[PDB]
Amino acid sequence: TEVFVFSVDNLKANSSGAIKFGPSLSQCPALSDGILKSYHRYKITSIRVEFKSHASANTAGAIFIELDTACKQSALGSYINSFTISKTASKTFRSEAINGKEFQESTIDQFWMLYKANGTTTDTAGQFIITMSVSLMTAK
Amino acid sequence: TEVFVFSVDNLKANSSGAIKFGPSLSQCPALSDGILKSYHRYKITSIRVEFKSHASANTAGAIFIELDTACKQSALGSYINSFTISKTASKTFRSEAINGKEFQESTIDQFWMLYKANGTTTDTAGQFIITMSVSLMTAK
Amino acid sequence: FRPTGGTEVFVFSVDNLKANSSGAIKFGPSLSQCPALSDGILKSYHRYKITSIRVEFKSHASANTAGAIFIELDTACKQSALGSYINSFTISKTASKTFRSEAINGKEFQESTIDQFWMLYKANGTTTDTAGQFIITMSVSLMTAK
Amino acid sequence: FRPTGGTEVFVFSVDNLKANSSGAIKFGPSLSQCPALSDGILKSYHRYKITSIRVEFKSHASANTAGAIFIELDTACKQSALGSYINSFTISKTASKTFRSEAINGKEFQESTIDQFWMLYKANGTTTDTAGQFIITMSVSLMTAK
Amino acid sequence: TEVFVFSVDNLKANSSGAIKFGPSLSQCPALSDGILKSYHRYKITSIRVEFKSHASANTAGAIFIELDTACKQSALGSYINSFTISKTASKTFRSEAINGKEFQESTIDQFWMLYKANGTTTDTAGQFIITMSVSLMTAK
Amino acid sequence: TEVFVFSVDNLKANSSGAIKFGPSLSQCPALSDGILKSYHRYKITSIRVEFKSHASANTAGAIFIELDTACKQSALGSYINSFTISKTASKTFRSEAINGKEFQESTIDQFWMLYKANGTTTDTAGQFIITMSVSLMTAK
C-alpha cells in the first residue's frame, strides 16, 4: 500500500475534463507507467483532491467535481460538489464512493473524476493537488 | 439505507413478465424517478416478495419466480420457486442471491425478477407486495 | 469430487404437467430434466448408480380437476405405455413417493453411457388443465474418473 | 445439490506437459480440462465462484531435464504471454502452490457464462522432453438453479 | 476362491496397451486357458498391480493405469493414476472399481486395465506384477 | 516504507553482471520508473536475495555475489559469498552492508550487487528472487 501525490495543472476558468484513474492516469506516471506495470491487481482506497486557487479575487465561477465509477460519462451533469475558483478547498472521497472496496486488474480503470469550471473567461483558476492511497497485490 | 415497499398489481392467472430492479424499476418511482436521481452508487441489500392471492379457490396454477442477475434473460426457464395462485405466501431473497454485495452505478440495473403464472385462464391471481432494502452512496 | 468417485444429491423438476400428461423420465445420460447429471457429472465419471429417488407431486391445480397421475418404475428401460395403476398421486393434492435402491435397480454401478431405469407417468385426466409438477430428489454415487 | 446452490470440490489434471509447454488454463465455462464443471454443473446454475485452487506439479521427468515451469494468475481473462517469473515449479521436483480467494478473484459470485481467471504457465525449458502434469483441486460455490 | 500372480513383462518407456482380464487374459494362462475352462461363472474380487521399475534413474516418464469395465475403450484418456517409471509402487483395486461384485460367465471379460507409458524413448521401464483374487462358481 | 519483490531472470551458468539498485534498477520498474519518481529521498533498508536453481544436477559451478556500495566496480573480484548452481539458497544483507543507514536522493544509486557464475557451459542455472525493503522521504 502506497500514497501518491500528483497535480492537475494549468487549470483555467473554463476548463473541463476527466481525470481517469488507473492505467490511463497520465497525471501521475508513477502509477500509470510505473507501479501498475509491476502488479496485477490494485485498488485506490481513498483520494483527497485539493483545489489551490491561483486566481485573482475578481474571477467568478466554481469548478465542479463528479465521480464516475462507470468510466464512461463524458459531460458533467451534477453540480452539488464545487470548489469556488477564488478559494482553496479540499474534498476527500472514501472507498465506497470511488469504487475502492475490491481489487481489479491493472489494465482497467477504476473511476473518473470529471470537472467543469463553468466560468466565462479563460483566466487562471488554480490547480488540483490530488493525494491517492493505492493498495497492490499479485506482482507481475 | 432505506426501505421501499411497492406493488406489482393486476396480476392475472397467465401473467408473465420481468420486474427489472434499478433505474428501470417503474413499479416504484420513489427509487426509479426518485432517490436514484440523487446518488451515484446503490445496492439493493435484500428483497421480500409477497404474493397476496386475490383469487377464487377454483383457479389452478402457480406463478413462478426466477432471479436474473445478468439483466438479460427474457423467458423464465426454471420452475423451482413458486407461489400457488390460491394462497398467500412470501419469498425472501438475501444479498448474494440478488447481486447485492457490491455497489453499482445508478444508471445500470442490478437484477431482474422474472415471473410466469402458467395457468390457463385470464382470471385474477393477485398481486406482489415487494419490500426492498437499498443502500445509497456518493450523492449527485 | 475425488477421482475415485463421490456421492451427491441432485434436485430437479419435471414441469408444466397437465391433467392428461403421460411420459417417461429416463434416468441416466438421457435424463434431460437435470443437465447437471446428463450433460454434467456423468461426463466426468465412468460408473454410476442412483441410490434412491424421492419424487414429489406439487399439485398446482384447482380443486375441481379430477384425475390421478400414475407412476411406474421400468428398470428394463424399454416399456412405453404405463400398464400398472397401483402408485398414484391425486392431481389435487401434494404428495411424495420415495423409492429405494432395489426398486430402482440401484444396488450395482453401471456405465455412464447406459440408463438405469425409467419412471413412467400417466395423468389419467380428461381435460388439458394444469396438474402440477414433480420435484425429484435423487442420490447418485460415482465411481472411476473420466 | 439444493436449488439455492451448493459448494463442491473438483479434482482435474492438466496432462502431457512437456519441458517447453506454455498455455493458459481458463477457469470457468471454458475450463475444458474438467468437463464436470465446464459441460457439467455450470449448466445447472446461474452464479458461481471458485473459492480456492490448489495446483500441484507432479514431475514425471528425468533428473537431467533443466527448466522451471512458471505460473501466473490472470483475473482479467485477457493476458496471452506470461510476463512474470516469481512463481515457479522446478521441472524435476513435485511441488504444490495454493491460491486463496482474493488472489483468484474468488470473493464474489459471477454468472456461469463468463470466466473467472486464467492460470498461465510457461515451461522455460530447451527440449521437448516430458516434464509432468498438474493436479488441480478447486473449490467452487454455486448460487441460483438453472 | 483362488489367487493368481502373473506378470506383464518387457515394459518399455513408451509402451501402451490393455490387460484384458477374463478369458482373454493371455498373461496368465492358468486363468485364461486354465481354471476358467472348468467353471461356468467367475468374478475377480480384487487386483493388486505392482510396477517394479527395472529402469535407470535418467529415464523420464510415468506409466498411467485406467480401468475399463465396459471392455471396449481403446485409447487411455485419464491421467490420474500413475506409476513413475523410475520408482517401484503398487496400486490396489477393490471389487466395485473392477466390476467385481457379481459373477459372470467365463466366456466374457470383466474389465480391462489400460496403460500408457508417455515417455519419449524406447528404454526399459519395468514390469507389472499383478495379484488377482478370483472366485469360481458352477463347475463345467 | 514498502517492500518490493522482483526477479533477475534467465540466469545461465556463465552469467555475470551487476544489479544496480536505485533509479537504474531496471529489474523492478515499480522502484525505478515508479515510486522513486514520486519522492526525493530514499534508502534501501535490507535486501534478501534468493537463488532458485532451475538447473540439472550435472551442472557444475557456483554463482558469486559481491556488494559494491561505491557504484563503480565492474569485474567481480571476491569469491566468499556463493550460491551453488544446483541448490536453492538465500543470502540476506542488512543496512550497514548495503549502505542503507542514511537517505540519499532518488537520482543516485545506492549500491550494486555484482554476480559471476563461473561455470563452463551456457546451461540454465536459475533465477534470483530479490526482496528489498525501501524507506521513502519528502514527496515530489
# chains A, B, ... in the order shown; residues from 1 in each chain; ligands from 1
>>> interface_residues(of="chain D", to="chain F", cutoff="10 Å", atoms="only C-alpha atoms", output="PyMOL selection string")
chain D and resi 62-69+84-92+124-126
>>> residues_around(residues="residue B:62", least_positions_apart="6", cutoff="10 Å", atoms="only C-alpha atoms", output="PDB file with N, CA, C and O atoms, in the first residue's frame")
ATOM      1  N   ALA B  13     -53.978 -14.782 -14.148  1.00  0.00           N
ATOM      2  CA  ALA B  13     -53.565 -16.168 -14.000  1.00  0.00           C
ATOM      3  C   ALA B  13     -52.713 -16.661 -15.158  1.00  0.00           C
ATOM      4  O   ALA B  13     -52.295 -17.817 -15.141  1.00  0.00           O
ATOM      5  N   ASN B  14     -52.446 -15.828 -16.160  1.00  0.00           N
ATOM      6  CA  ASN B  14     -51.491 -16.176 -17.202  1.00  0.00           C
ATOM      7  C   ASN B  14     -50.466 -15.067 -17.407  1.00  0.00           C
ATOM      8  O   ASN B  14     -49.895 -14.931 -18.489  1.00  0.00           O
ATOM      9  N   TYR B  79     -38.395 -23.619 -12.655  1.00  0.00           N
ATOM     10  CA  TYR B  79     -39.711 -23.814 -12.060  1.00  0.00           C
ATOM     11  C   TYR B  79     -39.623 -24.293 -10.617  1.00  0.00           C
ATOM     12  O   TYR B  79     -40.533 -24.959 -10.128  1.00  0.00           O
ATOM     13  N   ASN B  81     -38.933 -22.195  -7.645  1.00  0.00           N
ATOM     14  CA  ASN B  81     -39.655 -21.252  -6.803  1.00  0.00           C
ATOM     15  C   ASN B  81     -41.034 -20.987  -7.381  1.00  0.00           C
ATOM     16  O   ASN B  81     -41.173 -20.733  -8.580  1.00  0.00           O
ATOM     17  N   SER B  82     -42.051 -21.032  -6.526  1.00  0.00           N
ATOM     18  CA  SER B  82     -43.421 -20.903  -6.988  1.00  0.00           C
ATOM     19  C   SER B  82     -44.309 -20.436  -5.849  1.00  0.00           C
ATOM     20  O   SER B  82     -44.162 -20.883  -4.711  1.00  0.00           O
ATOM     21  N   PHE B  83     -45.215 -19.524  -6.171  1.00  0.00           N
ATOM     22  CA  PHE B  83     -46.362 -19.203  -5.340  1.00  0.00           C
ATOM     23  C   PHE B  83     -47.569 -19.904  -5.935  1.00  0.00           C
ATOM     24  O   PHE B  83     -47.790 -19.827  -7.143  1.00  0.00           O
ATOM     25  N   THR B  84     -48.351 -20.576  -5.102  1.00  0.00           N
ATOM     26  CA  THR B  84     -49.635 -21.071  -5.570  1.00  0.00           C
ATOM     27  C   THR B  84     -50.588 -19.890  -5.704  1.00  0.00           C
ATOM     28  O   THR B  84     -50.608 -19.003  -4.849  1.00  0.00           O
ATOM     29  N   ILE B  85     -51.347 -19.862  -6.806  1.00  0.00           N
ATOM     30  CA  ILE B  85     -52.228 -18.737  -7.123  1.00  0.00           C
ATOM     31  C   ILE B  85     -53.312 -18.555  -6.066  1.00  0.00           C
ATOM     32  O   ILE B  85     -53.683 -17.424  -5.733  1.00  0.00           O
ATOM     33  N   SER B  86     -53.769 -19.638  -5.455  1.00  0.00           N
ATOM     34  CA  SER B  86     -54.842 -19.552  -4.478  1.00  0.00           C
ATOM     35  C   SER B  86     -54.354 -19.416  -3.039  1.00  0.00           C
ATOM     36  O   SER B  86     -55.145 -19.627  -2.119  1.00  0.00           O
ATOM     37  N   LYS B  87     -53.085 -19.076  -2.811  1.00  0.00           N
ATOM     38  CA  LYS B  87     -52.560 -18.959  -1.455  1.00  0.00           C
ATOM     39  C   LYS B  87     -51.635 -17.758  -1.330  1.00  0.00           C
ATOM     40  O   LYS B  87     -50.850 -17.474  -2.237  1.00  0.00           O
ATOM     41  N   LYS B 116     -43.758 -16.083 -14.149  1.00  0.00           N
ATOM     42  CA  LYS B 116     -44.638 -16.654 -15.158  1.00  0.00           C
ATOM     43  C   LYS B 116     -45.741 -17.426 -14.462  1.00  0.00           C
ATOM     44  O   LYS B 116     -45.457 -18.319 -13.664  1.00  0.00           O
ATOM     45  N   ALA B 117     -46.994 -17.111 -14.787  1.00  0.00           N
ATOM     46  CA  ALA B 117     -48.098 -17.626 -13.989  1.00  0.00           C
ATOM     47  C   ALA B 117     -48.429 -19.077 -14.308  1.00  0.00           C
ATOM     48  O   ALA B 117     -48.770 -19.833 -13.394  1.00  0.00           O
ATOM     49  N   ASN B 118     -48.347 -19.473 -15.585  1.00  0.00           N
ATOM     50  CA  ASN B 118     -48.577 -20.857 -16.048  1.00  0.00           C
ATOM     51  C   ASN B 118     -49.938 -21.409 -15.630  1.00  0.00           C
ATOM     52  O   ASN B 118     -50.057 -22.549 -15.184  1.00  0.00           O
ATOM     53  N   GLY B 119     -50.968 -20.577 -15.755  1.00  0.00           N
ATOM     54  CA  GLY B 119     -52.339 -21.010 -15.647  1.00  0.00           C
ATOM     55  C   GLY B 119     -53.025 -20.847 -16.991  1.00  0.00           C
ATOM     56  O   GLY B 119     -52.500 -20.241 -17.921  1.00  0.00           O
ATOM     57  N   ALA B 125     -55.298 -13.402 -10.362  1.00  0.00           N
ATOM     58  CA  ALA B 125     -54.484 -14.179  -9.442  1.00  0.00           C
ATOM     59  C   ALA B 125     -54.184 -13.444  -8.154  1.00  0.00           C
ATOM     60  O   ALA B 125     -54.404 -13.994  -7.085  1.00  0.00           O
TER      61      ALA B 125
ATOM     62  N   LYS C  58     -46.536 -31.759  -6.700  1.00  0.00           N
ATOM     63  CA  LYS C  58     -46.707 -30.472  -6.045  1.00  0.00           C
ATOM     64  C   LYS C  58     -48.090 -29.860  -6.243  1.00  0.00           C
ATOM     65  O   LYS C  58     -48.500 -29.036  -5.420  1.00  0.00           O
ATOM     66  N   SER C  59     -48.829 -30.272  -7.276  1.00  0.00           N
ATOM     67  CA  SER C  59     -50.270 -30.029  -7.439  1.00  0.00           C
ATOM     68  C   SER C  59     -50.614 -28.538  -7.513  1.00  0.00           C
ATOM     69  O   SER C  59     -51.214 -27.961  -6.609  1.00  0.00           O
ATOM     70  N   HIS C  60     -50.199 -27.922  -8.615  1.00  0.00           N
ATOM     71  CA  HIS C  60     -50.621 -26.563  -8.923  1.00  0.00           C
ATOM     72  C   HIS C  60     -51.954 -26.568  -9.657  1.00  0.00           C
ATOM     73  O   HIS C  60     -52.059 -26.008 -10.751  1.00  0.00           O
ATOM     74  N   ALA C  61     -52.971 -27.193  -9.080  1.00  0.00           N
ATOM     75  CA  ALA C  61     -54.236 -27.417  -9.757  1.00  0.00           C
ATOM     76  C   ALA C  61     -55.383 -26.860  -8.932  1.00  0.00           C
ATOM     77  O   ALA C  61     -55.277 -26.687  -7.716  1.00  0.00           O
ATOM     78  N   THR C 130     -54.058 -27.637 -15.900  1.00  0.00           N
ATOM     79  CA  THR C 130     -52.790 -27.791 -15.205  1.00  0.00           C
ATOM     80  C   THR C 130     -52.958 -28.724 -14.018  1.00  0.00           C
ATOM     81  O   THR C 130     -53.939 -28.639 -13.279  1.00  0.00           O
ATOM     82  N   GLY C 132     -49.709 -29.908 -12.063  1.00  0.00           N
ATOM     83  CA  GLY C 132     -48.686 -29.560 -11.103  1.00  0.00           C
ATOM     84  C   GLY C 132     -47.285 -29.718 -11.640  1.00  0.00           C
ATOM     85  O   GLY C 132     -47.011 -29.343 -12.780  1.00  0.00           O
ATOM     86  N   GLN C 133     -46.389 -30.260 -10.822  1.00  0.00           N
ATOM     87  CA  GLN C 133     -45.035 -30.563 -11.254  1.00  0.00           C
ATOM     88  C   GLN C 133     -44.461 -31.622 -10.330  1.00  0.00           C
ATOM     89  O   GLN C 133     -44.937 -31.815  -9.209  1.00  0.00           O
TER      90      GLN C 133
END
>>> interface_residues(of="chain B", to="chain A", cutoff="12 Å", atoms="only C-alpha atoms", output="MDAnalysis selection string")
chainID B and resid 37:43 101:108 135:140
>>> closest_residue(among="D:129, D:56, D:8, D:108", to="chain C", atoms="only C-alpha atoms")
D:8
>>> interface_residues(of="chain C", to="chain D", cutoff="7 Å", atoms="only C-alpha atoms", output="PDB file with N, CA and C atoms, in the first residue's frame")
ATOM      1  N   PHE C   1     -15.112 -33.734  -5.392  1.00  0.00           N
ATOM      2  CA  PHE C   1     -15.050 -34.795  -6.386  1.00  0.00           C
ATOM      3  C   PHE C   1     -13.686 -35.453  -6.420  1.00  0.00           C
ATOM      4  N   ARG C   2     -13.502 -36.471  -5.587  1.00  0.00           N
ATOM      5  CA  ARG C   2     -12.297 -37.273  -5.656  1.00  0.00           C
ATOM      6  C   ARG C   2     -12.300 -38.083  -6.950  1.00  0.00           C
ATOM      7  N   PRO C   3     -11.121 -38.366  -7.517  1.00  0.00           N
ATOM      8  CA  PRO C   3     -11.078 -39.141  -8.769  1.00  0.00           C
ATOM      9  C   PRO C   3     -11.510 -40.588  -8.616  1.00  0.00           C
ATOM     10  N   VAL C   9     -26.230 -35.358  -4.341  1.00  0.00           N
ATOM     11  CA  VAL C   9     -27.686 -35.298  -4.371  1.00  0.00           C
ATOM     12  C   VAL C   9     -28.103 -34.226  -5.365  1.00  0.00           C
ATOM     13  N   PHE C  10     -28.962 -34.594  -6.307  1.00  0.00           N
ATOM     14  CA  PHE C  10     -29.491 -33.674  -7.299  1.00  0.00           C
ATOM     15  C   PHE C  10     -30.981 -33.473  -7.082  1.00  0.00           C
ATOM     16  N   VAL C  11     -31.429 -32.227  -7.188  1.00  0.00           N
ATOM     17  CA  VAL C  11     -32.842 -31.884  -7.112  1.00  0.00           C
ATOM     18  C   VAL C  11     -33.223 -31.225  -8.425  1.00  0.00           C
ATOM     19  N   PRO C  35     -29.630 -31.409 -16.362  1.00  0.00           N
ATOM     20  CA  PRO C  35     -28.386 -31.397 -17.143  1.00  0.00           C
ATOM     21  C   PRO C  35     -27.133 -31.489 -16.296  1.00  0.00           C
ATOM     22  N   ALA C  36     -27.228 -31.228 -14.991  1.00  0.00           N
ATOM     23  CA  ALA C  36     -26.103 -31.421 -14.091  1.00  0.00           C
ATOM     24  C   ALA C  36     -25.724 -32.886 -13.939  1.00  0.00           C
ATOM     25  N   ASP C  39     -25.688 -33.826 -18.949  1.00  0.00           N
ATOM     26  CA  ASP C  39     -24.580 -33.155 -19.617  1.00  0.00           C
ATOM     27  C   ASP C  39     -23.569 -32.619 -18.620  1.00  0.00           C
ATOM     28  N   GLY C  40     -23.417 -33.308 -17.505  1.00  0.00           N
ATOM     29  CA  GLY C  40     -22.723 -32.794 -16.353  1.00  0.00           C
ATOM     30  C   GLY C  40     -21.754 -33.805 -15.800  1.00  0.00           C
ATOM     31  N   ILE C  41     -21.998 -34.213 -14.554  1.00  0.00           N
ATOM     32  CA  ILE C  41     -21.069 -35.050 -13.817  1.00  0.00           C
ATOM     33  C   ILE C  41     -20.927 -36.455 -14.414  1.00  0.00           C
ATOM     34  N   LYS C  43     -20.424 -36.989 -17.512  1.00  0.00           N
ATOM     35  CA  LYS C  43     -19.349 -36.852 -18.482  1.00  0.00           C
ATOM     36  C   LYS C  43     -17.972 -36.925 -17.842  1.00  0.00           C
ATOM     37  N   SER C  44     -17.885 -36.927 -16.513  1.00  0.00           N
ATOM     38  CA  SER C  44     -16.600 -36.941 -15.833  1.00  0.00           C
ATOM     39  C   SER C  44     -16.394 -38.185 -14.983  1.00  0.00           C
TER      40      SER C  44
END
>>> residues_around(residues="residue A:76", least_positions_apart="4", cutoff="9 Å", atoms="only C-alpha atoms", output="tab-separated table (two decimals) with C-alpha atoms, in the first residue's frame")
chain	number	residue	atom	x	y	z
A	16	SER	CA	-13.47	20.90	-18.22
A	17	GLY	CA	-12.14	17.38	-18.36
A	64	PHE	CA	-17.43	21.20	-10.23
A	65	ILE	CA	-16.32	17.67	-9.35
A	66	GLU	CA	-18.20	14.47	-10.15
A	114	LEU	CA	-14.95	14.83	-14.06
A	115	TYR	CA	-14.55	18.55	-13.54
A	116	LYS	CA	-16.15	21.56	-15.20
>>> atom_distance(atom1="atom CA of residue C:116", atom2="atom CA of residue C:46")
13.8 Å
>>> closest_residue(among="E:11, E:18, E:91, E:61", to="residue E:49", atoms="only C-alpha atoms")
E:91
>>> select_by_dssp(residues="chain A", states="alpha helix (DSSP H)", output="JSON, numbers by chain")
{"A": [29, 30, 31, 32]}
>>> write_last_selection(atoms="N, CA, C and O atoms", output="CSV table (one decimal), in the first residue's frame")
chain,number,residue,atom,x,y,z
A,29,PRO,N,2.6,9.5,-13.6
A,29,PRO,CA,3.3,8.4,-14.3
A,29,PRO,C,3.9,7.3,-13.4
A,29,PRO,O,4.1,6.2,-13.8
A,30,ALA,N,4.0,7.7,-12.1
A,30,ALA,CA,4.5,6.7,-11.1
A,30,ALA,C,3.4,5.7,-10.8
A,30,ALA,O,3.8,4.6,-10.4
A,31,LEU,N,2.1,5.9,-11.1
A,31,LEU,CA,1.1,4.9,-11.1
A,31,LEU,C,0.8,4.4,-12.5
A,31,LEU,O,0.8,3.2,-12.7
A,32,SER,N,0.7,5.2,-13.5
A,32,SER,CA,0.3,4.8,-14.8
A,32,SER,C,1.4,4.0,-15.5
A,32,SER,O,1.3,2.8,-15.8
>>> select_by_dssp(residues="chain C", states="strand (DSSP E or B)", output="ChimeraX atom specification")
/C:7-18,22-26,45-57,68-74,88-90,95-99,110-111,118-122,130-145
>>> atom_distance(atom1="atom CA of residue D:109", atom2="atom CA of residue D:4")
13.2 Å
>>> atom_distance(atom1="atom CA of residue E:24", atom2="atom CA of residue E:45")
17.3 Å
>>> closest_residue(among="B:4, B:120, B:92, B:134", to="residue B:28", atoms="only C-alpha atoms")
B:4
